[PDB]
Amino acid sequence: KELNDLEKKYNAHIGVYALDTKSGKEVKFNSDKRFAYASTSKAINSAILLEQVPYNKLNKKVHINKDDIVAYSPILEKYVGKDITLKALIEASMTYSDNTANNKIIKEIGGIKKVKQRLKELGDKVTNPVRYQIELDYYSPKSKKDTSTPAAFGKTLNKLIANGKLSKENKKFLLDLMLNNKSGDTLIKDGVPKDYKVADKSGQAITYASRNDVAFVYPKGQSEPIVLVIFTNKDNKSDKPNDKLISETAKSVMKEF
C-alpha cells in the first residue's frame, strides 16, 4: 500500500526512514520532516550510558532522592530514599518507560549537555533535545525543541547500537529489553510477518496524536537488522492516534526488503 495513501487513509503524517544494514538499502518518506521523538529517546539515553559502563559494572548503585521523582515512574517511585542499580534503571526506563529512571540515566551520563555532545559526535546535528520529562511529551508544530527527523534519528540509532561501541553483552542486554517490550506490540511488531524479530521502543507526545515506534527488525533468515524509524502525527493538538497507522506503515515498508 502507498505510504501517501496511508496518510490519506488515516489523515495523519508519516515520517519513515528504514535502513537494511546488510545492503545499505534505505527507504524514505518525509524522512526529513521533524516530529517529536518523545519516549523513543529512552533508547538513545540507555545506549549512551552503556557505551561508558561495562556490563559487569552495571550492578553499580545510585541513590534515589525525592527531588529525583518525575511523573509516570511506575518503578522508581518505590525507590525514594533507596539505592537502585544502573541495570534496574535501564530496565525500568526501557520496559516501563519510567520517567525518573530516564532522567537519572541522563544524570549518570552527565546531563543534556553531554547527551547533545554525543549526538554531534555521531554527526547528528538534527535531533534536538531540550527538555527531560514528562515535559518531553508536550509537542508543538511551532517549535523544533525535542523534535528530530526520521533520517537523523535513524542514522543515529544505527551508529550507536547497530554498529557502535557497545560490547556484545551490553548490546544483548539492551536489544533483549526491546524484544520483550510489550508496549510495542500494537506497532511495528504488529506490521511485520511472524518470522521476523522486532526489537523496538515506542513513544507518544501528549499533543497532535504524536505516536512513534523505532526498531531493529531482523529478517527471517538474516543477522543484520533493518533499522526502522516511524514517526507519525496529526493536525489537531487534541487528535487521538491510531496504532494501526504504524502497524500498516511497517507492512508497507517491509515489502521493499
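When you see a residue number, it is the position in the sequence shown, counting from 1.
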Mean Cα B-factor check, 177-185 vs 86-94, entry values; winner is 177-185
With B-factors read from the PDB entry, the higher C-alpha mean of 130-138 and 112-120 is in 130-138
Reading the B-factor column for Cα atoms of 43, 192, 49, 62, the highest value belongs to 192
When the entry's CA B-factors for 223, 202, 31, 210 are compared, the highest one belongs to 223
Of the three thirds of the chain ranked by Cα temperature factor, residue 73 occupies the middle
By the entry's values, the third containing the CA B factor of residue 104 is the lowest
For residue 236, the third of its chain by CA B-factor is the highest
Split the chain's modelled residues into thirds by Cα B-factor; residue 152 lands in the lowest
For residue 242, the third of its chain by CA B-factor is the highest
